[PDB]
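>>> This one's experimental. Sequence and coordinates below.
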Amino acid sequence: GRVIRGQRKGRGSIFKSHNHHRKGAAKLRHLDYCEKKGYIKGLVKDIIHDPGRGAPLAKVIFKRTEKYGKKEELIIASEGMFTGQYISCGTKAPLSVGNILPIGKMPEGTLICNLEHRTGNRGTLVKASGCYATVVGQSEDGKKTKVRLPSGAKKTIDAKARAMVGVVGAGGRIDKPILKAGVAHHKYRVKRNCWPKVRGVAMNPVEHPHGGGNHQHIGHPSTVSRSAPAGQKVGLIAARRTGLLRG
RNA sequence: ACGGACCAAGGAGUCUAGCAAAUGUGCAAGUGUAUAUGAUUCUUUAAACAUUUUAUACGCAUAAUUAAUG
RNA sequence: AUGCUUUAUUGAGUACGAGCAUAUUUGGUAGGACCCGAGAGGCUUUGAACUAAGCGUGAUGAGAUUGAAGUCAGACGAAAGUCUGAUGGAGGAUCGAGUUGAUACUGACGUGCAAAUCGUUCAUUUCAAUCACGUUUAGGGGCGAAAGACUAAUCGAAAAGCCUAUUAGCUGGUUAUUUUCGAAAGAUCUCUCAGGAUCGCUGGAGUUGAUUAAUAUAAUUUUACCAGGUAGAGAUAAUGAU
RNA sequence: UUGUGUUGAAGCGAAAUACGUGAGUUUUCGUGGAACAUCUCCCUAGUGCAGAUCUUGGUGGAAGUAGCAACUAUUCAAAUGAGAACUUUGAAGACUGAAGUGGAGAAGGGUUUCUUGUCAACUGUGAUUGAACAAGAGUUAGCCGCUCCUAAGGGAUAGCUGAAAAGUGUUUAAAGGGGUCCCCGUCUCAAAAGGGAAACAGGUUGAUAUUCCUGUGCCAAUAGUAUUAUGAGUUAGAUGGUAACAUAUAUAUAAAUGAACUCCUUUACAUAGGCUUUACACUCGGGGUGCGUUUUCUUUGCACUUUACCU
RNA sequence: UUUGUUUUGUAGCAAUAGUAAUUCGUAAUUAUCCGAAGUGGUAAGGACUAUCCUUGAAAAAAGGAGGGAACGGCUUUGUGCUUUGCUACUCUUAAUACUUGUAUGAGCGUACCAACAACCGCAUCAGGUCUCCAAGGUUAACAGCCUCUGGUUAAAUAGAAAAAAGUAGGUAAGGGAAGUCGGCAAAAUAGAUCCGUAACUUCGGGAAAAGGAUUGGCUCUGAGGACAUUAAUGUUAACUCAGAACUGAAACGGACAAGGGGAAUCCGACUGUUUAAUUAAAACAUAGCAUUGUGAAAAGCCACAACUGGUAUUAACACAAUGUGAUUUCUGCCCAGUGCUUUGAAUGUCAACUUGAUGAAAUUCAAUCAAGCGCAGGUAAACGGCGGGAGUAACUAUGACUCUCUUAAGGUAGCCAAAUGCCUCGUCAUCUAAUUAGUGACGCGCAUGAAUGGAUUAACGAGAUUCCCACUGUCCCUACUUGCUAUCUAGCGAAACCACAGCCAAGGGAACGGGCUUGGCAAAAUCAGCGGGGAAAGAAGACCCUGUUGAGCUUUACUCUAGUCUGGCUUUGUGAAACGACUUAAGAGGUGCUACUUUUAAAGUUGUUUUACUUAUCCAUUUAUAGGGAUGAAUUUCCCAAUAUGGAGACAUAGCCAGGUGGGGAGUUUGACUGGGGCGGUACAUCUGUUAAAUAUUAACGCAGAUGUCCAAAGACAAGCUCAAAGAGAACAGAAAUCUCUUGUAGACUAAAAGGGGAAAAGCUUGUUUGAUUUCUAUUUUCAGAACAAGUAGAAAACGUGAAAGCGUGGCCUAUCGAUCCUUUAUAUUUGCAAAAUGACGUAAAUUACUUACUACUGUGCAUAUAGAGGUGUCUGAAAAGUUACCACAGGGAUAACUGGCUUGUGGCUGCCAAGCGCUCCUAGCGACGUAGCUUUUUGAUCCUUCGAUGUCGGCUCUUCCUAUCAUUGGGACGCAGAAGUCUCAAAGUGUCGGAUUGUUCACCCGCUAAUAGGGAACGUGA
Ligand SMILES: [Mg+2]
Ligand SMILES: [Mg+2]
Ligand SMILES: [Mg+2]
Ligand SMILES: [Mg+2]
Ligand SMILES: [Mg+2]
Ligand SMILES: [Mg+2]
Ligand SMILES: [Mg+2]
Ligand SMILES: [Mg+2]
Ligand SMILES: [Mg+2]
Ligand SMILES: [Mg+2]
Ligand SMILES: [Mg+2]
Ligand SMILES: [Mg+2]
Ligand SMILES: [Mg+2]
Ligand SMILES: [Mg+2]
Ligand SMILES: [Mg+2]
Ligand SMILES: [Mg+2]
Ligand SMILES: [Mg+2]
Ligand SMILES: [Mg+2]
Ligand SMILES: [Mg+2]
Ligand SMILES: [Mg+2]
Ligand SMILES: [Mg+2]
Ligand SMILES: [Mg+2]
Ligand SMILES: [Mg+2]
Ligand SMILES: [Mg+2]
Ligand SMILES: [Mg+2]
Ligand SMILES: [Mg+2]
Ligand SMILES: [Mg+2]
Ligand SMILES: [Mg+2]
Ligand SMILES: [Mg+2]
Ligand SMILES: [Mg+2]
Ligand SMILES: [Mg+2]
Ligand SMILES: [Mg+2]
Ligand SMILES: [Mg+2]
Ligand SMILES: [Mg+2]
Ligand SMILES: [Mg+2]
Ligand SMILES: [Mg+2]
Ligand SMILES: [Mg+2]
Ligand SMILES: [Mg+2]
Ligand SMILES: [Mg+2]
Ligand SMILES: [Mg+2]
Ligand SMILES: [Mg+2]
Ligand SMILES: [Mg+2]
Ligand SMILES: [Mg+2]
Ligand SMILES: [Mg+2]
Ligand SMILES: [Mg+2]
Ligand SMILES: [Mg+2]
Ligand SMILES: [Mg+2]
Ligand SMILES: [Mg+2]
Ligand SMILES: [Mg+2]
Ligand SMILES: [Mg+2]
Ligand SMILES: [Mg+2]
Ligand SMILES: [Mg+2]
Ligand SMILES: [Mg+2]
Ligand SMILES: [Mg+2]
Ligand SMILES: [Mg+2]
Ligand SMILES: [Mg+2]
Ligand SMILES: [Mg+2]
Ligand SMILES: [Mg+2]
Ligand SMILES: [Mg+2]
Ligand SMILES: [Mg+2]
Ligand SMILES: [Mg+2]
Ligand SMILES: [Mg+2]
Ligand SMILES: [Mg+2]
Ligand SMILES: [Mg+2]
Ligand SMILES: [Mg+2]
Ligand SMILES: [Mg+2]
Ligand SMILES: [Mg+2]
Ligand SMILES: [Mg+2]
Ligand SMILES: [Mg+2]
Ligand SMILES: [Mg+2]
Ligand SMILES: [Mg+2]
Ligand SMILES: [Mg+2]
Ligand SMILES: [Mg+2]
Ligand SMILES: [Mg+2]
Ligand SMILES: [Mg+2]
Ligand SMILES: [Mg+2]
Ligand SMILES: [Mg+2]
Ligand SMILES: [Mg+2]
Ligand SMILES: [Mg+2]
Ligand SMILES: [Mg+2]
Ligand SMILES: [Mg+2]
Ligand SMILES: [Mg+2]
Ligand SMILES: [Mg+2]
Ligand SMILES: [Mg+2]
Ligand SMILES: [Mg+2]
Ligand SMILES: [Mg+2]
Ligand SMILES: [Mg+2]
Ligand SMILES: [Mg+2]
Ligand SMILES: [Mg+2]
Ligand SMILES: [Mg+2]
Ligand SMILES: [Mg+2]
Ligand SMILES: [Mg+2]
Ligand SMILES: [Mg+2]
Ligand SMILES: [Mg+2]
Ligand SMILES: [Mg+2]
Ligand SMILES: [Mg+2]
């Protein structure tokens, strides 16, 4: 009868992100001559907090090379950086925490973050607080590098892509029990409108496949297939397996 | 069992198409002057009057029967 | 082959034509169709001055209670550590007036002051708090701490105008006089059982006949003849009981 | 076809020694004031009402009945007037009790405001009252606001999609600009509580006031040329202090050279808790002035004793 | 740059203004305007501390700095750079004069209300509606009560009287919940100081636990600071706190203000939220726990008609989709069913396209690695599920043990008459006097149980229950009082409703009358109450049934559809390899130049597969900013070679076509009969007998039954023969084996129900057969005298049997079955395919070809006439699943759920007879086996009245009637000594109670009593 809650989220009316006090987008530096041939170095002016995101941001200043002036960058800060530090970005920069290097000049076992899955991309992969990847293989003729991602997947990347040495700061923040409904009210207040959640078994049949009944049950197998239409994919999607995991 | 406090005005088997039966009228193996045209028709007349100077417009009837050549 | 024959069978066929036109009435059909009456379906538009949720900018919560971590001082002890007094001001802490609401009297009123009010009594006040303007989301759609709730006294699908005088085997109504004739509530078929078609029962029109105490005719008798297994009877005649 | 009418038509009220089984027809008197029939035979229709919770309009019994009950409360005397429980004046008794029927604003209303007059209807009892009715009046700004800036957002331009109507909004624009020949970089609307040049006190009208009057101040803008005065610098740019820093007082502290380019600061910011300072408020005692009580008491009870912006 | 003091000034504004006074005149003058402190209400600033998985706008506009471009002036040769002097020149503010378009200050708002009558609510409506200011006393207090400044004394009315009854209040002797479903309502408590506080517990609480004492006024004592002369003297405050004496009708938070407490059970962890106008909860949320998908602009989830978007200013400590619901302790077994998911040319089926074979061609046929299903696995914190019967231990009883059916697995740890147990008011204990209630135990549990979460649980709750203390007008049992109404006056002034109307009893009547019949009776007009009746009013019953009337929701109902997955063709270019296809003479052959299958340097062209390239196409980044190799400030070396960049790349994407999946979505449907409907059944198409009343016809969900088949013989004809059974006889042989005789009217048989028929046959056995065949008519049954269907009597052919007359058109007779449209095979010297031809230039002539005359028989495919067949059992013949406790409409008393009416089976009461009981004795008192009635206080049966409506259980209050008499009054009898009782007569005058449990009517206990009888009045009684 009626359009479901999870279908309405795509209209983007009251489900758009809350971003009034956010500070800007976190990108690497634009790929240019210096990083391809040597390196360039910038100065850390501040570490600041971003309302929606858990990891801190470093505010870093480089010096213009084509012209007289200065320029600004926003970069996810790795654990250990400090105000007044000089970091160096380029193909020949020394290996140290906070420098930005191509992944093909790093030995095996190096912990990295803020990685590009394509060259010149300005960084996409390892970004949430407390996360890192591992260099796990260098190809015989260069041109390819193999890494291990936080979820445990393995990937091969172009060997000229860039990343930061070290781990993302402010890690270990899911070890504190939230303990109050108001704390979770304040958490999602600055993210998006997704809290609280009514469960489908407590609605009427018009609004949900689980709704209705004289006893609050599903009455249906709760694992649905990958091909089901939008108003019907609602329980466990394409589940290979259910129940407690034992290994 | 339902409608009705009282009074006045209004208020409901009609019109058109197509078929049949009954009855009145005209002509009769025929009958009906279609659309038009004509006129010393033109307040009335948007009515009425006329029919192309051994005579093939059309309808119904005058002949039936068969899927059909017939 | 211009097919033939008495045969049988069929036609809304033939055996010296009756039609065409035009008044009116009646019947059945289509149309608004004797008059008034739905619950619905569709097309295009108008509303978030109420209320729901998000967002921007601002404003607001008398008074009192309780007493976490940190700090100072004193006592004990070989160390580790323990005990006593003060200080301090935490917490979706506690009473409570405003504010925001609505538990009970199943009180008053119920032709109200009022299409939700009045009185007393209740719940809530540092937080998931409460208000005001501005702004976003529009109808099979939105919004919902979820009651099928709310979306301008309208929501298990808003409001305005059209398609539209939609359809109804079902309720209600249907307008002057006298005179003459006068019913059925059985039967067959039916997605038929509150309906219909068809036969029966009724009225009107018109011929052919009889008007010759006749013939046709008769919900009646008489004379001649025919068919029957019900009332009674039987159980020793058959069957079955006793 | 052939008739009635100002010497009185239709219609209406009451009737008749009248006719008909009946629907009806005909006639008298009164009112009325202008048209009305045809039955000689035909044509024609939106042609005959007791009902449909029928439509529109008017009117009853109920009935001088139900009722005119929240908000503590009224009394004496006078004026006016045809007429005063509810108009005005004086004297009493009381209420609101600063979280006020006290003052000032927004949304909304639109002349309800003021003076004069004044009662047909309204002001659910009266009414001489009134936000009712009639005639004429009344709203004054460089300093209070809008107007300017940007916000959540709206409308647009290029392009793309669609039969269009419309949807979306740099998704490869030779755009928009500003700086004097260069660089930067879409347009526009959206806050009378956010941001933001600048004003105070006294007086004044029937009705306006940080707007009018008086006096004293502030802010912003003010072409070119020439003269005259105010100060400063050089015989292409001043000094003091160890330092933190300081210095132009002319009517008026106005002048301490500085291009392209570049970097910062103000505007500019949450909540809770106690400590502290200063203004406004409140109160106690002296002095002056006026008033009140006074059979008894009382060096006594109350009022006033003020000071803005700007330098 | 020095001293007390030169002395002035509210520092200027400034007294010239404001306020309070005293003056003199019909605008006039004077005097004051100045000395020291306290309290802490309101606002703002300052320096600080702490909190956040929460870190709390921007722009117009203004300012500061770095750096060092340019530059002493007036005329002085020339072509902006070349020549001579003075060492006034450069800024800055103000005023003036002239040239200049006319060289200060735009435009719009401004009255009044802001609710008390100016706004919205139909109004001059007790409602709603945003912001700022805020005095004195009491006090913790901006609370409550009283007051000053300012405001008012007004409300759609007044006067009198004062009874019932109402509404808002106040008291009550003795008892203290006995009232009631229920302590509903009301009382009792309460401020502050000092003492004292349990179980349990997540150690934080519970907690104001529970409890005890004090409190006025007056007169005193003690404690707590600051400052200046020097330990000593002197001045000087604010408010609290602790003690003592005295005093009063023993009173003192004196008015106001202000918790009732305790022992346990159930649910939910907690603060929070919800159905605006009948539900505030145990419902929703929540922290915590667990499961699932996804490494990216070719990804997960979602929006759009397309083009494009949301999450995303994102990146696994993330985003998205679900369950359960704090802590503690736990979370058992099942993958057979249904879902979801993994592998693939070994593998079955499953499209378009393509490729071959054949043919004149249209067609026809065959082959080929798509996805999906099938085949083989995983998964229960996916949907869900988790057994019976017997025997057995030295008194009984029980069953550790055993046997046997049996499942995918057989309910584990726990828990229980639980918000879950029918029987049920379960058994035992406890609580009371008395317990359908409460608590603790028991467990073969109709039908308990593990994130559908199981068992607990401190704290918390306007949540659901039981008991105790305090308290009381809830009650015994009511009385007295105040305001405001009602009442009577002057003024003003409606509405609902209304066929006509309004006294009764019985009768009949649509079975409950105001009106009708027969009786009782019946005398103006008027005031205040009241709730028996007018089956009173409101309003086309919402319950129930009907309608070929709807709508919301569900699904493995009937048809479809968005989206997803999969294959083909086009977009679409340049090369190169490797294997497949259709051809060479070979290969063994089997066959009568020849016919078919078979190992290899191909006759030459086409196909899936792999790889390479860049310009089509797609993506990303930037201001399209250097061609490859070796926490100051920065602006005016060498080697390698002459499409912005990078990544993919003819693959994605996109357009047309094809297949799978698809309640996410759309449209629709979901028979009838029926002692209401539903369930059951078929009485829905047929047949035998009976009801059926001696022609024929005739109903019910009447009675006893049968049909949807069967048979090359069980059909046709002819001949011969005679059956069931019984008796007596015959080696094994008997009750039953084979054989002979005698009797035998059918007692046998004849496919199947039942009825009728049948003896040289209709039965049995033999012989020959296919009339169970082709065509047509007159007609009978049901009936409209319509179709099918099943029969009867015949005619035109060709046959069978029999010697012959004859008989045969299925079964000895009565049942055994099917339209239009469509399809399919048969028949024909019958026809068509819209200008014509197709056997065939066949036969005979003729020539110099457009020659002539003759002929039953003429391409593929399709159509058409006539005859059978494929089926409609709802059988005169639609392609069709559920639910509504969210509901809508048109109707029905044609039809259910009350009262009333007829009946009285069942329920209740009363009779008659005498077997027997009563030691003995039929009848004191009873009464078996039988049998006659009465009543309408039970429950049925029926469907008469009411569906545009007669309020549906019980209790409380109040009146009246009946007798089928419990007590009280007079009597009779006994199995009657007295006492106490039992049976019975006249008799309705007077009575027929207080309580515990339950919503109860009904029950069952504790009591008293004289007795604690039974009933009716629309199941008496809801304006
Ligand atoms: Mg629900
Ligand atoms: Mg659904
Ligand atoms: Mg549940
Ligand atoms: Mg189930
Ligand atoms: Mg009716
Ligand atoms: Mg009526
Ligand atoms: Mg005629
Ligand atoms: Mg014709
Ligand atoms: Mg009509
Ligand atoms: Mg429809
Ligand atoms: Mg609004
Ligand atoms: Mg809002
Ligand atoms: Mg709290
Ligand atoms: Mg009430
Ligand atoms: Mg209330
Ligand atoms: Mg519901
Ligand atoms: Mg209609
Ligand atoms: Mg008659
Ligand atoms: Mg006339
Ligand atoms: Mg009419
Ligand atoms: Mg009329
Ligand atoms: Mg009338
Ligand atoms: Mg009336
Ligand atoms: Mg009255
Ligand atoms: Mg008045
Ligand atoms: Mg007062
Ligand atoms: Mg008061
Ligand atoms: Mg107050
Ligand atoms: Mg006025
Ligand atoms: Mg006036
Ligand atoms: Mg009046
Ligand atoms: Mg006026
Ligand atoms: Mg102005
Ligand atoms: Mg201003
Ligand atoms: Mg914006
Ligand atoms: Mg603007
Ligand atoms: Mg402002
Ligand atoms: Mg004024
Ligand atoms: Mg003013
Ligand atoms: Mg001063
Ligand atoms: Mg004003
Ligand atoms: Mg209005
Ligand atoms: Mg009113
Ligand atoms: Mg009002
Ligand atoms: Mg009273
Ligand atoms: Mg007293
Ligand atoms: Mg008492
Ligand atoms: Mg009791
Ligand atoms: Mg009782
Ligand atoms: Mg109860
Ligand atoms: Mg109470
Ligand atoms: Mg306790
Ligand atoms: Mg709760
Ligand atoms: Mg729990
Ligand atoms: Mg709560
Ligand atoms: Mg409600
Ligand atoms: Mg409520
Ligand atoms: Mg819950
Ligand atoms: Mg959760
Ligand atoms: Mg399985
Ligand atoms: Mg396959
Ligand atoms: Mg067990
Ligand atoms: Mg149990
Ligand atoms: Mg129990
Ligand atoms: Mg489990
Ligand atoms: Mg269960
Ligand atoms: Mg009165
Ligand atoms: Mg009577
Ligand atoms: Mg009556
Ligand atoms: Mg009478
Ligand atoms: Mg009554
Ligand atoms: Mg009805
Ligand atoms: Mg109904
Ligand atoms: Mg429907
Ligand atoms: Mg559906
Ligand atoms: Mg039926
Ligand atoms: Mg008979
Ligand atoms: Mg016989
Ligand atoms: Mg024979
Ligand atoms: Mg036979
Ligand atoms: Mg049928
Ligand atoms: Mg039939
Ligand atoms: Mg349905
Ligand atoms: Mg009836
Ligand atoms: Mg009986
Ligand atoms: Mg009625
Ligand atoms: Mg009644
Ligand atoms: Mg009624
Ligand atoms: Mg008796
Ligand atoms: Mg006696
Ligand atoms: Mg006696
Ligand atoms: Mg009753
Ligand atoms: Mg009775
Ligand atoms: Mg009632
Ligand atoms: Mg009752
Ligand atoms: Mg009553």
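All right, it came through fine. Residues are numbered from 1 along each chain as shown, chains lettered A, B, ... in the order given. Ligands and ions are numbered 1, 2, ... in the order given.

>>> Assumed residue A:60 was part of a strand.
Yes. Assessed with DSSP: H, G, I helix; E, B strand; the rest coil, residue A:60 lies in a strand.

>>> Quick check, it in contact with residue A:45.
Yes. With contact defined as Cβ atoms under 8 Å, residue A:60 and residue A:45 form a contacting pair (6.7 Å). Any C-beta I mention is one placed from the backbone N, CA and C, and that applies to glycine too.

>>> Compare these two (neighbour count), which wins?
A direct count of neighbours by other Cβ atoms under 10 Å for residue A:60 and residue A:45 places residue A:60 higher, at 24 against 14.

>>> Show me where chain A has its helices.
A:5-8, A:33-37, A:181-188 (DSSP state H).

>>> which secondary structure elements does the longest one contact?
Secondary structure elements in contact with helix A:181-188, counted by 3 or more Cβ pairs under 8 Å, 6 or more residues apart in numbering; DSSP states H and E, are absent; no helix or strand qualifies.

>>> and that helix with RNA strand C, contact?
Yes. Judged by Cβ under 7 Å from any atom of the strand, helix A:181-188 comes into contact with RNA strand C at A:181, A:182, A:183, A:185, A:186.

>>> just the buried members of the residues you listed?
Among the residues of helix A:181-188 next to RNA strand C, none scores as buried (criterion: 16 or more other Cβ atoms under 10 Å).

>>> which one of those sits closest to RNA strand C?
Taking Cβ to the nearest atom of the strand as the measure, RNA strand C lies nearest residue A:182 of the residues of helix A:181-188 next to RNA strand C, at 2.3 Å.

>>> roughly how far apart are residue A:197 and residue A:207?
14 Å (Cβ to Cβ, to the nearest Å).

>>> same deal with residue A:43?
Distance from residue A:43 to residue A:207, by Cβ to Cβ: 56 Å.
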